[PDB]
Structures are given as C-alpha cells and as structure tokens.
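First, one chain by itself: the form deposited in one PDB entry, in structure tokens.
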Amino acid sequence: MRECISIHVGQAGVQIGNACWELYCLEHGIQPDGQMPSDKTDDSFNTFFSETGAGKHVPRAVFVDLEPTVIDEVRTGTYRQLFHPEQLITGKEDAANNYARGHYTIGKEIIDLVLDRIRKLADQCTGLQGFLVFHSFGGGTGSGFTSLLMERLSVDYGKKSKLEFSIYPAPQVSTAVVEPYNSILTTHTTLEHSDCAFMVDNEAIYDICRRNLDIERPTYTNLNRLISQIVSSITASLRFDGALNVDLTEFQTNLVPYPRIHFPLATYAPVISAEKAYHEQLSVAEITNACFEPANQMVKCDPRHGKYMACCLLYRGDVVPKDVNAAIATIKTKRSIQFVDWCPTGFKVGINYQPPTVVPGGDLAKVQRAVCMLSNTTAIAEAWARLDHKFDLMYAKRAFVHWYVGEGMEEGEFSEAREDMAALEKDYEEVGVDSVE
C-alpha cells in the first residue's frame, strides 16, 4: 500500500479535481456517497481512497481556494458526501489574479491550515509515494499559492515526489492580462520543488473539443472532462495493478533525464464525439499513429522541430503486445522520430487492461481501446518561448508591475524569474546538441 495525496489549488485545480474524482469513482465503482459495492470479489484503488469504519471510501485529496465560490459548489454538489468538510479549505478574498497576493499577502493566512490537513492525510498513509498538485499558471491562487505550498512541502517532506498538472494559459479562455507574469513567477519559484510536471495547454484542449468533439464554444466542463481522461490514463497504473508507472518514482526515472527538463508532452487518442453515427472501432495501429500527430497533443508545439529524450506509451483496454510491436514497426519506416545521441531510439510500453471510462451523458464516446503517449521532447521549449515573449513585451514598459510591488514583491524578482526562464530555454537547446568526448 503506497498512497498518493492529491492537492487542488484555485478554481482551475478544484474544477479539474471534480472531473478527475468523478471519473476515478466511475472507474472503481464508488458511488457519490463513497459506498463501493465490494460485495463480490484489486485493492490498488486504496492508493487514492482511504476507507472509513462505515465502509465508505474517501479521496486522499485536499481542495484549497482563497475564495469560497467554487469549493462551496463541491460542498452542495453531487459529491458533497464523498469529501469530509476538513479536506475542503477556503479563504474569504482571492489573490485578484496576482501571484504576489497569492504567495505573500493572502496565502500566508491559510498556509499553516493547509499543511495541517496535508499532515493529517500524510499520517493515514503506511507508505506515502508523494503528491499530485493541480493548478492554473494564470490565476493568483494557482500561481502564487501553489509556489508557496510547494516550498513548504519540500521542507516538511524532504525528498518526497511532487508532481504537477499545470494549466498553461490560452487567450480564448484567459481572464487576466497578467497571466504571463504569474506563469513565469510561479515556474521560477516551483522549478526546483517539482520532480515532474504535465502541462495542459488550454488552447490545445479547446481546439480538440472544437475539432473532434464538434463543440462550437467549449466550456470548462468540456475542457475538464477531456483533461480528466488524460489524467486518468496517467494515474491508472497507481490506482490499478499495472506494470508501467506503477509508482511515482517510476514517472521521474522513466521520463526525467535532468532535474530542470521535467516537462513531458502528453498526447491522447482517440477523442470521438458521443453524438455521432456508429463506427467500426479504431485499431492499435490507428490509435498509435495518432500519437505522432500534433493535432492530438496536450501542449501546442512541433516535435519535428525537436528531439525525444524519453518516450512512454500507455495503452488501455483491448490491447495486445503483438499489435503494439506491429504499430511501432510501421512508424519507424515512414517517420524519423529523432532522439538524442545519449538515449536509445525506442519506447517503454505498458498496457492497462481496465477499459477507458466515460462520464454518461458526456461529450466523449466509449471506446474498446485508447492510448496516452508521454514524451520528453525539446519541442516543449516552444511553449516557454511564447510565454517568455509576452512577459518581455509587458515588462519592458513595467506594465502592471505596480500591482505586484504593492503587495511587497521586489522588481528584482521579475528579473530573477525571467533569467531562470532564459536559462531553462538555453537548457532545452544545450540538451538537443551532439555529445563529447
């Protein structure tokens, strides 16, 4: 029994949390009251759910927001019975889309309170693997509070795995002009504290909904139900008796070659609208080829313009090894898939028999097989580059900086944060070159 503690910070984190936990429940047969009909019986589900004396199953999770609106919905909603009041934490006033206000001013008021419940939950654990942190790069809570939390977690839980699910900002759904500031300031503060982090580009999700799910104007409900699918695909092997990424340590070992380059790219397939004419289910070959198509990526970038340093294929459902090896063979003939000098050109492949699950009445159609490729490519540097430029445009004129300095931040911190981004960008370049000897 190797437990995982999930932390959801700010509106984005809490709402994706709601999608994730709703999906986990469906995947494990747990009803919204926590009651699981175990009546006729793999136990691995316990890495994510504590059991009570009543026989009910409680998520090893904490929901934090500097504001009560979103969590107040959780406590009146369908799953209000699943979570204990103590694990749903709220302040009265948000960080006003300002990293400073989240990290320095408002954050300090609730930090000890949050670590206290994390401590509690960190006890009911007979072999803690680490933490799964869900947050937006853009908002003041998701940026400012998360970076503050990550820092104290490193102190209290010295060298214990900390993994992120970070929402990369898209202008289509963006609510604040200052998101590039908060993005860079949080990335800088968090960098040394996170072991591995899966970025979810809101424009990528938005476009997949529009294209594959035929959604004219995608909503956070549509985005999150999609995100959840990938998150479930990633966490499956921890929550079921898997063989690949069976522990968090494995993620890091399997995908992170260097401490700073810890941002793997996620690609999921197939994404099909539920409200469409019946179709002859997709083959292992069809779904595999889809992993090398940028239209299915979780972050908008071009892996042609990059080199792989680690690749992982997570097959779900009706998948046979012979069909997977056949699919990989075909790809190599037709496509380059450049790796770095140091790594072998290949893939770590895991099959999880548990079929893919869908929220009934959802946008996604139920499939007999699916796949999520996790790949550490130098091409992800393109996502930092876009954000870094937007930062540069505003910082040159010090636009909005007074909001940050006003909350006790120093102008030098922006320089420090950006210099570290400049170094991260250079590290992706340096890593893609020839080795010597």
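Numbering starts at 1 and runs along the sequence shown. Between two forms, the rigid core is defined as the largest C-alpha subset superposing within 1.5 Å.
- Missing-residue comparison: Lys40 falls in the unmodelled set for a third or more of the other PDB entries checked.
- Per the record, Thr41 and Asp42 are separated by 4 to 9 deposited residues that have no coordinates.
- In this entry, the higher average B-factor at the C-alpha atoms falls on 277-285, of the pair 277-285 and 306-314.
- Averaged over Cα atoms, the B-factor as recorded in the entry is higher for 117-125 than for the other of 117-125 and 266-274.
- Highest C-alpha temperature factor among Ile331, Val299, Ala100, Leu226 per the entry: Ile331.
- Highest CA B-factor among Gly144, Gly138, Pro171, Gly361, as stated in the entry: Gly361.
- Sorting the modelled residues of the chain by their CA temperature factor places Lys56 in the highest third.
- For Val74, the recorded CA temperature factor ranks within the middle third of the chain's modelled residues.
- Placement of the Cα temperature factor of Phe198 within the chain: lowest third of the modelled residues, per the deposited record.
- Remark: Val433 belongs to the highest third of its chain, ranked by C-alpha B-factor as recorded.
- For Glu382, the recorded CA B-factor ranks within the lowest third of the chain. Only modelled residues enter the ranking.
The protein also exists as the form deposited in another entry; that form is not presented, and the subsequent description refers to it.
- Per-residue Cα shift between this form and the one not shown after core alignment stays below 2 Å for all of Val177, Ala326, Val155, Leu113 except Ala326.
- The two forms, fitted on the rigid core, differ between this form and the one not shown by 2 Å or more at the CA of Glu275.
- The Cα position of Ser233 differs by less than 2 Å between this form and the one not shown after fitting on the rigid core.
- Once both forms are fitted on their core, a CA shift of 2 Å or more is seen for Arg335 between this form and the one not shown.
- Annotation: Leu244/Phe198 CA-CA distance longer in the other entry than in the displayed model, change of at least 3 Å.
- In the other entry, the Cα-Cα separation between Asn245 and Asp201 grows by 3 Å or more relative to the displayed conformation.
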